[PDB]
Every structure is written in structure tokens, then in C-alpha cells.
Amino acid sequence: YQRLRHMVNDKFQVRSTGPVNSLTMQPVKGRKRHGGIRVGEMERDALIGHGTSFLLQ
Amino acid sequence: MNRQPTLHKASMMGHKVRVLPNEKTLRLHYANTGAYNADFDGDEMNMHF
Amino acid sequence: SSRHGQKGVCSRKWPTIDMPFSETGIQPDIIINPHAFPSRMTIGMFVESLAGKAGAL
Amino acid sequence: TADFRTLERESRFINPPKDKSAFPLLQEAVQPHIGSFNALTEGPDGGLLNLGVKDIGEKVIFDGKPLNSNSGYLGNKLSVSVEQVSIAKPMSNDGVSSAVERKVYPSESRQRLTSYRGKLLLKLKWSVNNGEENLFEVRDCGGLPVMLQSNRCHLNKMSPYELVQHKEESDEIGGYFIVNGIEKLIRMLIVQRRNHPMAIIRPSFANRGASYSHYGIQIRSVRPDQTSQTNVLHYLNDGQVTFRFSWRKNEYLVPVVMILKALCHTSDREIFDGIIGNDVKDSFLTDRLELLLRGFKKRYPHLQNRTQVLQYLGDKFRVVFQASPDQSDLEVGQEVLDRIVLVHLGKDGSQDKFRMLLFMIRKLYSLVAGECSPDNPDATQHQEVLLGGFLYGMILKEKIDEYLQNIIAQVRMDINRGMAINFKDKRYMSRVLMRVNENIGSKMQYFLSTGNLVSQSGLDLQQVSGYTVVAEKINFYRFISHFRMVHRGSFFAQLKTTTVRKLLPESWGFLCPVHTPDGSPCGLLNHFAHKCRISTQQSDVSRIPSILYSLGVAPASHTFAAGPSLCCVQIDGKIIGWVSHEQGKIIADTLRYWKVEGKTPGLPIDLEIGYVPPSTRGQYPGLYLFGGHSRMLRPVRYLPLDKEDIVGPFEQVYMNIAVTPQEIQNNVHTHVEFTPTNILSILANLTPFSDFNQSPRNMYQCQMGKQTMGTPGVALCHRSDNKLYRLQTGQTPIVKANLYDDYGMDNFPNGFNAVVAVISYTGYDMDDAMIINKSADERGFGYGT
Amino acid sequence: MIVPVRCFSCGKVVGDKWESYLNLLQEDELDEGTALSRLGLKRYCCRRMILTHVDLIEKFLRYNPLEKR
Amino acid sequence: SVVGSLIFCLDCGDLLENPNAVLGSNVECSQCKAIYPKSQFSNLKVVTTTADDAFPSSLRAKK
Amino acid sequence: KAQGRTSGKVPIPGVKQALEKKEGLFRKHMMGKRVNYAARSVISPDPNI
Amino acid sequence: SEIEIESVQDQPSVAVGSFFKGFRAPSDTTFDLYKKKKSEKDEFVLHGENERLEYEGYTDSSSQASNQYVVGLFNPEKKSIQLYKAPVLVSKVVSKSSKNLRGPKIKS
Amino acid sequence: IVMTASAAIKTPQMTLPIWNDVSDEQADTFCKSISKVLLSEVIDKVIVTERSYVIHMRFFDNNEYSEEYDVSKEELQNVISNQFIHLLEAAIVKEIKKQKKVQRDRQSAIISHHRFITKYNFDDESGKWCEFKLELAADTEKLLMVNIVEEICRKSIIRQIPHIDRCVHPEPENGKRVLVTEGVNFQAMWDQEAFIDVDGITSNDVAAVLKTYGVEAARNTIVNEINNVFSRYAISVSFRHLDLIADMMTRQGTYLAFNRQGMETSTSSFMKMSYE
Amino acid sequence: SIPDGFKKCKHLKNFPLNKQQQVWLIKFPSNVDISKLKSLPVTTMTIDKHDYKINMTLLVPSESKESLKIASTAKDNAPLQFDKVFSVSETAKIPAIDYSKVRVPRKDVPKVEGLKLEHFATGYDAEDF
Amino acid sequence: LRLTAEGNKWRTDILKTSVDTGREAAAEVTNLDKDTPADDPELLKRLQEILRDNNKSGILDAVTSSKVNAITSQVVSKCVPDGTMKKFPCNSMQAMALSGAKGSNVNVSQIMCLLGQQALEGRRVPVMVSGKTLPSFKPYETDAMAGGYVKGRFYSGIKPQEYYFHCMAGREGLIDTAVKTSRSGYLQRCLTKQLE
RNA sequence: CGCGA
Ligand SMILES: [Mg+2]
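Residues numbered from 1 in each chain as written, not as in the entry; some residues may be left out. Chains lettered and ligands numbered in written order. Part of a larger assembly, values for the part shown. Heavy atoms only, no water.

### Remarks on the overall build of chain E
Each helix and strand counted, chain E has four helices and zero strands in total. Ordering the α and β elements of chain E from the N terminus gives α-α-α-α. Radius of gyration (C-alpha) of chain E: 14 Å, far over the 11 Å computed for a compact globule of 69 residues. When the backbone C-alpha atoms are referred to their principal axes, chain E occupies close to 45 × 30 × 15 Å. Across the 69 residues that make up chain E, the buried fraction comes to 49%. Pairs at least 24 residues apart make up 51% of the contacts formed inside chain E by residues separated by at least 6 positions. Mean positive and mean negative side-chain charge positions of chain E (12 and 10 charges, respectively) differ by 8 Å. (Helix = DSSP H or I, 4+ residues; strand = E, 2+ residues; numbered from the N terminus. Rg over C-alpha atoms; globule rule 2.2 N^0.38 Å. Buried < 20%, exposed > 50% of the residue type's maximum accessible area, 1.4 Å probe, protein only. Contact = heavy atoms within 4.5 Å. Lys, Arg positive; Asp, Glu negative; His and termini not counted. Charge placed at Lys NZ, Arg CZ, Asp CG, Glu CD.)

Next comes the structure, spelled out in C-alpha cells:
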């Protein structure tokens, strides 16, 4: 067997308050500085279509 | 919960939370896999609260 | 991963007493689902499974 | 069945060899890079650079002093040209004082996170008035990064026991560049087969103008200095044939007949006779042809002399090539040909270039006539790897060239400033150069860092960058994976068509079919079958013609004839002469025989023999011999004898080569693969029973293996590399391929042997699936760092 | 890197036998099979530990920052 | 010299123009200035056959 | 709509370019956004939940 | 069959040359054969001459290395031929008045 | 169908239900008659001989094509007679300046119609060949004839129904007996109802149907066409979705793409404004 | 003009030109000694114990024999042109493939000899069996 | 994974019928006699010709691909489950594909029967201009084996030629998986945006 | 344009 890279400790993050990008007053990539999670249209679209609309918005 | 790319609304579902001790990974039952289309090969999913 | 291209996430570290134990008393080091094959069509791993044991004996 | 060689193993780890590595294949793998880079300074001819600089030649500027003889006197003539180039091995002087220097071992360069560079030196001839007065002065263009384990690397020739003493990995293969402590290397590309006419059909041609067809004959000619020059013949629908070339990142177009008269004094009748040969019974060609001659006439009636032609050319391009004001358009014209048309034939190939150029036109019409099939550029048949070292020389030659330009620019500005100027003044010379900015090494070091090619001409390279790639030591496999890596270049990565990423059967035994990344790079990044070798040097063709002419080749010098109707004989894109096909097949075979036999001197085995049997609308026939650099040569076994033969891809297509001896058919196969394993990548060969796995699944392995947490190397304590992974305890895989020991992956265990049950038990391993015995883990199993 | 102390699966203590194992292959010129069996390795669990093993620390030891060449 | 509508001087190898284009009855080389009469020959035939590469068919679709 | 500067060096993005191309804004920071109280991680199969 | 060999002339007697098909010169046109002894190789340069035209030709260096051409005078009544070594002259043609035609350096 | 919503498509097709009266052979004949007929189809060979030159045309046998493609050698004569030469002489001079007894009357007529025909002939019995001669200036280029001719012969049309190329009597699938039409002309088929059923004609081209049978039929065509896609892949999509989309693209009564273009008419700017 | 190294031929040898005699242009490998040769076929042959296999103008010496005259036998001065061309070049012979040696019936994976029972049920040794 | 002894016998026997199958289709496509030997010049002449044409070459694969696939079926049909050593339910591999748990009858076939023709672009293996599908095959080969038809099975293993063939099909899949990602995703956004 | 489904 071969243990790979891509250990989970390298990949995950949560709840990014800190960055709050100056232009948009919005978070930023997680990486290792404390970002967040991008949503995006295909994810937006689901909310509308998904059903969790008040929540989604 | 969200697994990108989101092809259809079922790829983003709500989930009751059970807090599991001891480990660093989100963890699902299997019934969701077909929906999220998730193979548990280095798969990641976005949790929104 | 094996050398045969079977990639998988460690699911749980499994309490050794709960890991099924051989006629010999050897609990497996790793337990790979038997269903994860016909789809991936990797025979060499079964073969290696033989030879690997065959050699070690 | 192999063995563990455990005693043999440990004795090695304990005592590393004081003579030479025990894993020769491992070296021969990286050989393309070193073979390239060493060839810069090596070869009986003084090395590529010293040949490269020899091409640049003088840079002429005029002071403009009247002399007080209206007067045609332009003043003193400054002649600026370099002489020979040398590269000092990396040396550390201590501050100032020129205290006796110490050698620099890369282990230092790594830890100091600097480049590992040798000094670059130029013997520069500063000449005035056509050698009336000349000045030799050596300069320093800055510290130049040096490939590890190369002739300029101090580590060279060190026995493994010594590398350990100097703190390098016992087997360290070098072959790469340390830049700012980062390990970079120039990943090999795939460019058109050099010195070989290519009947291209591309729609882009027709796009270039109204009467352009999509037909064309492309040839990629490369000077002995490895500078590559493309010359393309577009067939216009009206019957005109426009020679296309490129200069200073600019395309230019010439009526081909202009050039034929430009190369050699010749009669129109001779051109026609020089193409059609015995084919005069055809209307088609004559019809195509007369429109080309009558085309050149009455287009340009004011040109009754090769001289006049040359003058006319110089008249146009004297601006383009920045010709010195003394150079007549006659003179400049002669250069234009010498510096563009079919460069690989050299300045003296004027009488050869003429023939070759006829040959294309012959072929082109045949392509237009559809008598010969088009040639797939994607096809490995017509392709060649572009080595890193050679590229790294090319760039260097450019910088040197532009450097001279920088000097002349300094002077002209110093002239147009009106400042007092004495060319003969030695201090003035220094006054110029000190003001001149000379650091090449930094620019090269800049390159390796950015991988961004910056040049006046694109070096006949489609893409502008992506030339350097970081050496990744993650595991050992990924590290070595780089040096067997090649691809078409990023320009082809963005192409919507996927045909370029097709597994052409022509790659057999050369590009490993199994090993490629997946996703977007899939089908682009390729890896050489582990036996594939690249020709890093020339081969002596001197006595080949003697052999050929002896074998019945009618000298191309005389005996006009041409066309696919009968075989053509060429060497590295030089027409030796013509034979009937039936003869050529007898010849190429015979020659092939002697090649392996070896008793005939002056006929090295690495020479490709490209015999193309005539066929119906097939590839244009002929007999081709490519001995030059950057060929994909791979070993085979030759059946009439039993001996190793070497085979290029181009010649492979027509050769019947049995895979295993059991499949040899009577009167069918002339060759057999040694082992079928010769067609696979390193890692490909390493996957156990990979023939039993599904091919897409193996294909992951090669990609998985490169991602593993392995043993990167033993030098860790002395290696400063940024982010590094190491598996704490590796194990020799019980299940093994013999190559594992040959390539000696022993020195770098990539994983462990695990007792595995294929079972459905815990239920937690459903999708991805991976259950680890907990206690087994806590015993140190799979522990990484 | 160095001899694992216990068989992963078995849990049996394999860490000591290595030196003696090399000794067996070296002096006694046994096969790989018997030596293990002679060392008392029955389960192919604990056999692979020694059998497949690599002492790669030996290569590491060759690099010692604490001493002259 | 003169082959397939092409006309070459035998001294020079020039390709020569329309014989009738010359007003006078002689044709002179441009390079060698070798003079030929205008017509030693009527305009030569130049048969040209269309290839078989082109067209679809019933029969070539069969044969 | 700007003249070329040294035919190279690339143009500095103008206001129009901030909004449009491939995002440029509306679909970057409006039609989608980076959020809070969200966590991305790796899924693991758990049948027991 | 079989052909008897009477004679081999190893000194220059005749010579072969190539111009084009139909190439013809006046009867008075003669040719000046020049000879170097260069290594063993014998390199022949041919200057032909007539009133308004110039014929210049020379043997190829690379070809004559391993190539050897022998013309022969064969008696078909006999089985015998008289073999004469001769060179092969790559040759061209120039008209003198056409020769020196030249333009100026720069057209302004 | 969706993003481009292009009028012109790659494979315009006309599904042509035929009654059960017409026989399979009858159907075939009709398909051949109403198909595509090019002069280059029947030409076996052509010879150009050179200031003037002659043009020979070796055809196939008059029976063959007049059987095969159903071609009267007369119309064939006519196809050659007027349009063909007019085509021919056109590019000729165009290129030139770019470079800077039964026969007898017919022949006399033909010659009169054109500048460059000084002679004409044709095979008026076996139909096997067409032969004629063209003259040019005593000073004229060598310009390639065969290429001009081969270009015209392929462009040259004997019998074509506009926009409709060549049909291919498919197999009478699922009990339904149909001719497949390459290209789309409905009016053409409308004269043909002696065999086919015009009321069953369906197309692979929306915009054509919209033009002919109007939005509703076009809409109905869409759902049908889209379904064919997912049908072929065995996938399953409830018509309600396809109804929604089709009803949407037709909202203006025209056939509107989902791309930028159709989106133009929308009222909400931000949607448009944030789309492309 | 006369370039370097070139000594013009002073006295050219004789060329006895004239069913009449025939004129044959024949190529040879330079390594062949043409001065010593005897027969020739009218195809293949052997020379020097090696075996061998089988457009242009001709110039004749002047009467001065310092210069070259065109070859014309027509007396019309119409050029005399080469009667027959025989290219005598180097053939070589090739060893035949011996299939019996090279085509080898496959050898199966060698069985590892001397494999006893390594496995024994709990609480037993090798000797017990 | 094993067939019984008789199963393999069946397997081999049916395979042996596949030998001339390649030559047959050629004779048919070339409109030559069905019994035309593999080496006939007019056969090869047409094969040489049909290679130069892409369209006709597309035809030859389709025909041959048909015939060989018929052979594949005869195997899987006659062999599985019948010749399999362990039987369902006791046989897991079958139990998986059958129950739809994972995999498919195809997979089980390829393991226990043969891989069968390798479809590339819906065609067979591409052909070098020499008329060789691969350096180890006679130019203009009439054998199905040389045309990508794979008689090997993953259980027993696959010959190198087959392997190199089978690597092609593999690359075709992986390339196709990548491009399917981008293409469709762009489409959906067009719909959503306007139908939102 | 490199890494992950
Ligand atoms: Mg997945």
C-alpha cells in the first residue's frame, strides 16, 4: 500500500470572519489565513430550485 | 450540505446535525451519496449553517 | 492506495478486537470493500493478494 | 522470480560504491538532459555554444568620420563579434581579494537557498576596420545556472561513496537546476522532425490569404547550433507557390522561383527538368509548373541574374535584417538565403538547398495532386523531442546575440550623442562595456525561475512559456517522473480538438501508453518507455554517401530525376541521390544489416533508416537517414542476426517487429522486442500484474504513485527544500517487477506491505472505502512526517 | 527507516530479530524462508515485517553533521 | 527547348513567351539572346485529362 | 477603447473590465459570494447515523 | 554474357558533362579542362567557350569520392570494349552579355 | 436547439410518412427522383486539350444514370446547354482580369449564346459523351482548366429540389413507414402528396416549421426533438419540463434562444446585465 | 579562368571514336580497380571476389589534345549521345533469418522448488507433519 | 473469478471460430469472394485503398465490429453463468452484478470471458499509414485480433498488443470524462439564468 | 495553468 498526500488536515476550514475583503466586505478563500466558502450560481440556483429559499437567501 | 458542482437542487440538502466525537471529517449516511453524487474518494462537501 | 489504482479514504481506525480475525489470529491491517471491484475491473490486486501472501509464507 | 538481495542491499547502504553507481539504468534514464547539457560545451567541434556564437558573427557600426578626402567613405568600421564561450564550474571566491577560490557543492546552494551557478565567460573580438585593428577581451556575463551531475557540475564523475561525502543522495541523478534553492528543470517538448519534409494540410493555410490552399510543405530546419528555422511552402490555388518563412517574430512571403534562382545560377529549363525528371508525360505538373515559371517572369522582368535577384532580396530585407550600411543588397541577399533557407544545409548547401527545394516542390504538387498522403504532425512518426540542454543553449545564444546588439546600440547612441569616439581606443572599449549592461546569467536565471522565454525570435517555438517546471521530490517516483516527461506544449493544451491527445499506435515502445496524468493534461504529458533513449549528439555521416554511392545511389549532383515514381535518398535532410524503389528496399535492408553488423566503419547503430516503400496515395516514398540530435531511438532485437538494433519512430511504422519470439512469423518480422516491458514507463513497469488491471485503472496508479508519501531521499538533514513529506517506515514490496531492483527503487521505499482482507464487514467502508486496523496503526503503521 | 518494533497485525515483537536475521542470511547462508521460520516467525503477519523490511536508516547514518568526513 | 507549351532557348534556358506575341517572325531568347523563328511549329497540343480523385458516382461508387 | 501602451505590458483593468469578463463582478461577488458560518471538509461514510 | 576488356585509360581522354536536354553548342565551341591533383581525388573543372556564351562546369567533389565512371568504346562485332575513365561535369551555361548584368546597391 | 436555437442546423431532416398504397419500390423511385442530382455525379471522365482547347466529357452509360439518377439526356443536354457554360465562362474571364445537322442548329444556337464557344457537340444517341471546344485570345495565360471544370461539374446541378438534398428510405421502424428527407422544403413535398402524407410531415428543423406551420407546431416539434435526445440516451425527462421550456422559447411567438440574443427582450436588466 | 591547383590538361589521350562500334557509359565504385578487369555480363556478376550487379553529354579531345570538343558522330555536328548505360554498383548479401533458433516456444514461470508447509494449526510445529 | 474446466473449454472453442472472422468482413466489404485468402493482392489493393479513404474505412470497422461482437455474445451466453466455477449465490462476483449491487454483466464478462473489440470513436484501432495497426502486425492485416478485438480476459490476462489497444480505449474514456464536465455545465447556466 | 470528485 501507498499512503498518499492529501491528508485531511491539509484540507478543511470553517467560519471565516476575519478576512472580510475590503471592497465587498465579504470573506475570502480559506487556505490558511481564515477565509470561508464560495457559494456561486449553480449553488444559488439550487436554493431557488432546492426549496430552502428564505434560508438560502 | 453542498457538494460542488451543484447540478440540481438535490445536490444541496439540509441535514439534522449529530455531533460526532473523535474525528475531523464530515460524515454522511449512504442514502445521500446518490443525491450528492459522492464517492468518498477524497470528496469534500460544503456545510452551511 | 494500492499499486493497482484503488484509492480510498480511511473510513475509521477500527478497534482491533472488532476487526475480524483469522483462523490464525491475524487481524487484517486494512479492510477493503469487496464490492469495489467488478466496477473497477482490477484483477491484479486479487492476484497480488495471493502472491503477497504466497511470498510472505 | 526476483529476490530481495537483502544482504546485497544492506552491504550497499552500509558501504556505498567507491567506484560507480549500482543502478546504471537509473542514470541512463536522466541521460537525455545531461546528454543535452554536456553537449553544449562538448563534441569534437567545440560544443554547441562555440558553434552557436560562430553563427552570430560580427556586429558592424560606423563612426562616420569623413577623413576629409559626397565622399562615399563612412569612417572607421567597428567589427564586434564574440569568439569562443566558456562556462566556469561553480566556484566561491571569498569576498574580494581574489583569495584562492573554493569549489561549490550544490548541497551548499540548496541550503543557502541560492542558485547553483557557474560563471559565464566570453572571449570577445573587438575589431576595427575589417581586422585592421582587433581586440581580444574576455568578459563575464554573470553566473550561469548549471545542471547538476553535468560536466560543469562539481559532483560529476563522483562515485556514490563520494557524493555521500559531499552530502548528496547516494544515487543522486542531478539533471536539473538549483535556482534560488528551488530545483527547476526544462521539461522536454515535442517538435516536428528536423531535416525532414512534411506534407502538411491545414485549413489555417487557406486562411492566410485568398488563393492559399490548405496544402503545404512544412520543414523545420535546424542549424548545427540547434537554432531552428521553419520554411513553409504554401500552394496557392492559382498555381503560385509562396515560400513562407519567419523572422523577428514576423512572417514573410517569397515567390519560390525567386529563391531557386537566388540559390544557384540556373536555367529555367534546369528547374523544370530538375523536378519533372522523366515524368514529362504528365500534363498536371507541367500545367502547374509553367504557371509558376511564367508566373515569376512578367511578375519580375527586371531581374536577369542571380546577382540581380540577390540584390533585389537585400533591397527588401536589408531593412529587416538590420544590415550594416556597407553591405550591398547583393551581399545582404546572400545572407538572407544563408540565414533562412534550409539552414541545416549550411552556407555551402547552396547547391544542395537547390535540390532539396526542388524536392519539396515536387512533393508539394504531389500532395496537391493527392498522389501522396498528408503527414500527421501529431503522429510520433514525424516528431522529435526537444531536449532541455539544447533549448537552454538556444536561449543563451539569443541573449548573447541580443547582447552584441546592446553593445552596438550603446555605441550608436554614443555616436548620435556626437561624443568623441575612438574605436581603436582600448579604454573607450571598456568605457562602452562598463556602461553596457552585461549580465546574461541573471537573465538565464530569470528564465529558469519564470520559465518565460524572452527573445527577438520565437526560436520557432509556438508557446511563449511553461518551459521550466519545479522538480518535485514528494516521492522518488514523481521526482524521476519529470525526467521522462514530455508533451506537445501548452499551446496544444488549449486546442478544442482532442485528436492531439490520441494514443497513436506510432508511440509503440517510445511514449508509454499507460503513464499520463488525467484530466486536462491527459493526452499531453507523456512519458518515454523506459528503454527509449534520445540522441543527444550527432552521428558521423561522413562515409555514409560513400557507402550509399557504392550501393548504387545515382548522385544527386547529376542524373536529373525526381518524383515518387522512384525512391529518394536523404541524410538529415540532404539529398544524396535517387534509386528505384526496389533498389532502395534492398539498400535500406542491406544498410540496416551492416548497421547492426557494425563491421562496416562509419555507420553507427543509432542511425535511423527511414525507408518508405512506395504505395497508393500513401506517405511520400523515399529513403531517409536521420543521424542528428534529438531522435527518439529505442532498442530492438534484430532477427537475421541476434543483436540489439536501434529504431526510431519514423522508421518503426514500416518495420514488422514481433513482440515476443513466439509471435515471429516467417518472412514477416525483421525484428523483435526484447521484452514487451520495454514499451512501458518506469512506474508503468512497477505496477504489479498491470496487465490484469483495467487500463484506466493502471493509468491512475502512475498518477497515484507520483502523489504518494514516499521516501524523498536520504539527504534530508542537509536539504533545505520547502515542503517535504516522508513515510517513516517503508517496506520492499513483496510483489515486485524485476525493474524495481534494476532502477533500484529499493533506495526509496514508497510504501508498506499490509495484511488485507477483501470483505464487507464494518460497513463504514462503502463508497471510498478504507478500514484501518486501529491497533495496527498505533504500532507505527503508515506513520508519515 | 528502521526495524519496526512490533508486527502490525500480530502485535508480536519483531524489533529485535533483525540483527540476528541478517546474521542468519549472512553467516548461515540460509534461505529467506528458513531463517524466518528459525527465528520463530510463523504468522505471515510477523514474517513480512522482517522479510519485506528495509533498513534505510543506514543510509541516513551516512550523513552525520556532528563529525568530520 | 519546347515541351508541353513550354519554350526554352537551347543556349539560355529561358522560358519563352507567346510565339505570336512577338510582332516579328523570330523568337529571341531573353538571356542568351538566341534567336529562333516564330513558328517552327504550330501551337502544340497539350492534352490534359481530369483526375479520378474528384466526383462521386454510381459506377465509381461501384467499380 | 484605450490605445495600446508599448504594444504589450497588458492594459490595466478599467472599470468596465471590473464588472464584465467571465465574472467580472456581478458573477463573482454578487451572483455568488464567499460566506460565513460555512465549513468545507471531507466526507466519510458513517452508516450508523 | 561476357565482354572482354581491351584497355583502361587512366589518364584524361574524354569527359562526361550535364547541362540539360537539347543543350547544344556551335561546332567551334571547345572546352578547357583543368586538373588539380588533390589528395588522390582528381577534380576536373571545365571552362567551355564560345562567342557570346560561356560554358562553365566542374566535377563534383562529394560524388567522385566513392564513385568511378568509365566510358568505353565497345565493338559489337567483337566481345571487346575499350574502357576509358572519364569525369562527370556538373555544368551550366551563361551568355557573356547576359553575364555581367547587375543592378546598383540601393534603389533611391 | 436550446442555446443557439439556430435556424440552420447540421442535419435538417423531413420525416415523410407514406400511405400504404405506394410500394417500397415506388417509394425508392420517388426518393431518387426528388433527390439531388449533380453533373459531377454522372461524369466518368473529362479531357481538356489545348489559342483554343477542347473539352470532352465521358459519362456513364445513358441507361445507367437515366436509370440510376433518372436523368433525361435532354435536360442533361440542357443542364450542359445554358447554365453550365454561363457558370464556366464566368470565373474564366474573372480569373483572367484578376491576373492583372440536328446538332448544327443547336450548336449554332449554343455558340450564339456565348463568346467562348466556337464549337459544340454532344452524344445525341448513346448519351455517352459531351464534347465541345472553346477558344481564347492568341495571347492568354495557361490558366488551369481541369480545376475550373472539376469545380463547375460539382457545382453543376442537374436535378435538385431546393434545400432538399438526398433522401434515404429508412427502414419502416415501429410499424411506421417513412421517407427521411435531408434538408427541408415543405411546399416541395406538398406537391408530392400523391404518395406521402403531407399531414404527417415532421421536421428536424424548428425555425423551418415555425416559418411554415407556425409557433405551435414548432413548439410541439421542440418537445419532440429534445425528447429524442434523452430518448437516445435512455434517460427520462418528464414532458412538463420540456413543456415549460418550449412554451418559454415561444413566448414571443417566435423561436427564441436561451442565449444572449433571445434574452434581449427581457424586462429585468440585472438578469441580462449579469448574464454576459 | 583557372582556379588554384588546376593544371590544364596539356596532352589529352586518344579516343578512337568512329554495324559500328558502341559507346557505353558505366558507373563503378571507386574502390573497384578498373585497371585490372576482364569480362562483364549483359544483371549480376562478381568482381574482386565480391559480387556486383548492373541526359548527359560526351566531350572528345581536341586535335591539339589540350582541349575538349563535343562528341558528334552524325557529321551533322548534331550531338553524339550515350548509347547504353550500365550502372555497375555494389550489391551485398544478407544472412537469412533462422526461425528454428529465434522462434522459441514459451517457457512457463519456473515453479519455485522446495516449498514445504509453512502453515500449521495452532499448537503444532513443522515436525509433527 | 474462475470458469470451470468445461467453461474454459467452451470459451476457447468459441474463440477459435473467431479466427477467420476478420478476413470474412474484408471479403464482404471489398465485395470480393468470401473465401479470398488473407494475402490476395486485389484484396490488399482494396484494403490498401479502403485505408486511404476515411469513410470506407469507417465502414469496414462497423462491419467487422458487428461480426466479432456476435462472437463475444456466443461466449458470454454459453459461458456465464454456466461455466463459472462458483455459482450464484455462492459466487460473489455474479451476486454483485446480478443484484445490481455494483458492476454489471459486462464487467463480469470481461473478467471471466474476454474484453472483445475495443471501440475507438465507434471505430476500431486507428491504423498507421503503413496499414499496420501496430508495429507487430502485418500491414493491411485481415485479423480481428490486430484490429483491436481482444480475446484476452482480465482474469487470464491480455497480450501486449491487446494491452496497448486496451490502453487506447482507456484514454478515450478519461479524455471524454474531462470534457463532459465543462460542456454541459455551461449549458445549464443559460437555462437557469433566463428561467430563474 | 499546476493539485481534488
Ligand atoms: Mg468521487
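Read on, since the account is not over.
### Topic: the UniProt feature "binding site: Zn(2+)" in chain E
All names here are of chain E. Residues annotated in UniProt with the feature "binding site: Zn(2+)" correspond here to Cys7, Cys10, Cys45 and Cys46. Spatially, the listed residues are clustered: although they cover 40 residues, their C-alpha atoms lie within 6.7 Å of one another. Along the chain, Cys7 turns up in the segment before α1 (17-28). For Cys7, a relative accessible area of 0% translates into the label buried. (UniProt positions renumbered as here; feature names shortened; annotations may be inferred.)

### Description of the sheet that holds strand β14 (residues 250-255) of chain D
Residue and element names in this part refer to chain D. A sheet is described by the order of its strands in space; here five strands give the open sequence β10-β11-β12-β13-β14, paired in antiparallel fashion. Of all the strands in the sheet, the pair left with one neighbour each is β10 (198-201) and β14. When strand polarity is set aside, the average angle formed by the axes of neighbouring strands in this sheet is 30°. Of the strand pairs in this sheet, strand β12 (residues 228-236) and strand β13 (residues 241-247) are connected by five bridges, and their pairing is antiparallel. Note that in β13 the partner of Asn231 across the bridge is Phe245. Of the strands in this sheet, β13 and β14 touch helix α7 (residues 256-263), which is tilted by about 80° from β14. In the packing of helix α12 (residues 350-368) onto the sheet, the strands contacted are β10, β11 (212-222), β12 and β13, and the crossing angle to β11 comes to about 145°. (Pairing = 2+ DSSP bridges. Axes fitted to C-alpha atoms, helices over the stretch in contact; angles between N-to-C directions.)

### Some points on the environment of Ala25 of chain K
Residues and elements named next belong to chain K. Mapped onto the secondary structure, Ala25 falls in helix α2 (residues 21-29). Here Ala25 falls in the buried class, since its relative accessible area comes to 0%. Separated by 118 residues in the primary sequence, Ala25 and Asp143 place their C-alpha atoms 9.8 Å from one another. Setting aside anything within four residues of it in sequence, one finds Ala25 in contact with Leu60, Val63, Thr64 and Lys67.

### Comments concerning the packing of aromatic side chains
Aromatic ring pairs are defined here through the distance separating the ring centres and the angle between the ring planes. What the rule picks out here adds up to 48 aromatic pairs over all chains. Here the aromatic rings of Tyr84 of chain H and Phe15 of chain J are separated by 5.6 Å at their centres, their planes lie at 65°, and the arrangement is edge-to-face. Here the residue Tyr84 of chain H occupies a position in strand β7 (residues 80-85), and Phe15 of chain J occupies one in the loop between β1 (7-8) and β2 (22-29), the pair thus bridging two chains. The pair formed by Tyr84 of chain H and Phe15 of chain J is uniform in burial state, with each residue classed as buried. Look at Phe137 of chain K and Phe165 of chain K: their rings are 6.0 Å apart centre to centre, the planes differ by 15°, and that puts the pair in the stacked class. You can see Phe137 of chain K sitting in the loop between α6 (105-112) and α7 (160-195) and its partner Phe165 of chain K sitting in helix α7, a full 28 residues away along the chain. Comparing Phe137 of chain K with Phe165 of chain K shows no difference in burial state: the two are buried. Cluster of aromatic residues (ring-pair linked, three or more members): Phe243, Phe245, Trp247, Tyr252, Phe317 and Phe321 of chain D. Geometry around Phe510 of chain D places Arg634 of chain D over its ring, the cationic atom sitting 5.3 Å from the centre. (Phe/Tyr/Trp six-rings, centres within 6.5 Å; stacked < 30°, edge-to-face > 60°. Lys NZ or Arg CZ within 6 Å of the ring centre and 35° of its normal.)

### A closer look at the interface of chain J and chain H
Residue-level contacts link 49 residues of chain J with 50 residues of chain H. Across the chain J to chain H interface the summed buried area is about 4,500 Å²; carbon plus sulfur atoms make up 63%. Taken as a group, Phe6, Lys13 and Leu68 of chain J account for 13% of the area that chain J buries against chain H, more than any other trio of residues on that side. For the pair chain J and chain H, the number of links is one salt bridge. Across the pair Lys8 of chain J and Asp32 of chain H runs a salt bridge whose closest N-O atoms are separated by 3.3 Å. Along the contact surface separating chain J from chain H lie 23 residue pairs in polar contact. Of all the elements, β2 of chain J adds the most residues to the side of chain J that touches chain H, at eight residues. For the side of chain J that touches chain H, the class distribution of residues is 29 nonpolar, 13 polar and seven charged. (Buried area = accessible area lost by both parts, 1.4 Å probe. Salt bridge = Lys/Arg side-chain N within 4 Å of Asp/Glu carboxyl O. Polar contact = N/O pair within 3.5 Å; in protein donor to acceptor, adjacent residues only side chain to side chain. Nonpolar A, V, L, I, M, F, W, Y, C, P; charged D, E, K, R; others polar.)

### Some points on the coordination of the magnesium ion
The reference angle at a metal is 109.5 degrees if four donors form a tetrahedron and 90 or 180 degrees if six donors form an octahedron. Looking at the metal site, the magnesium ion is ligated by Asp39 of chain B (OD) and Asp41 of chain B (OD), spaced 2.4 to 2.7 Å from it. Since its relative accessible area comes to 25%, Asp41 of chain B is described here as partly exposed. (Donors = N, O, S within 2.8 Å, 3.2 Å for Na, K, Ca; no water.)

### Description of the arrangement of the chains
With 28 pairs of chains in contact overall, the greatest share of contacts is found between chains H and J. At the level of C-alpha atoms, the two units chain H and chain I stay apart, their nearest approach being 23 Å. Nowhere do chain I and chain J come into contact; their C-alpha atoms are at least 28 Å apart.

### Here we look at the protein's contact with RNA strand L
In the vicinity of RNA strand L, the contacting residues are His6 and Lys11 of chain A, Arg3, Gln4, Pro5, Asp41, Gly42 and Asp43 of chain B, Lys7 of chain C together with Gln494, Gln703 and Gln707 of chain D. Restricting attention to atoms of RNA strand L within 4 Å of the protein, one finds that 86% of them are sugar or phosphate atoms. A distance of 2.9 Å separates a sugar or linking oxygen of RNA strand L from a polar side-chain atom of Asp41 of chain B. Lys7 of chain C places a polar side-chain atom, nitrogen or oxygen, 2.3 Å from a phosphate oxygen of RNA strand L. For the surface near RNA strand L, the per-class residue count stands at one nonpolar, six polar and five charged. (Near = heavy atom within 4 Å.)

### Describing a nonpolar patch on the surface
A cluster of nonpolar side chains, contributed by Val17, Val19 and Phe49 of chain B together with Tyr37 of chain G, occupies part of the molecular surface with about 530 Å² of accessible area. As for its position among the elements, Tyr37 of chain G is in the loop between β1 (34-35) and β2 (38-45). Given the relative accessible area of 44%, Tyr37 of chain G is considered partly exposed. (Patch = residues over 30% accessible without salt bridge, like charges linked within 9 Å, V, L, I, M, F, W, Y side chains within 5 Å. Areas by Shrake-Rupley, 256 points an atom, 1.4 Å probe, with all protein chains shown as cover.)

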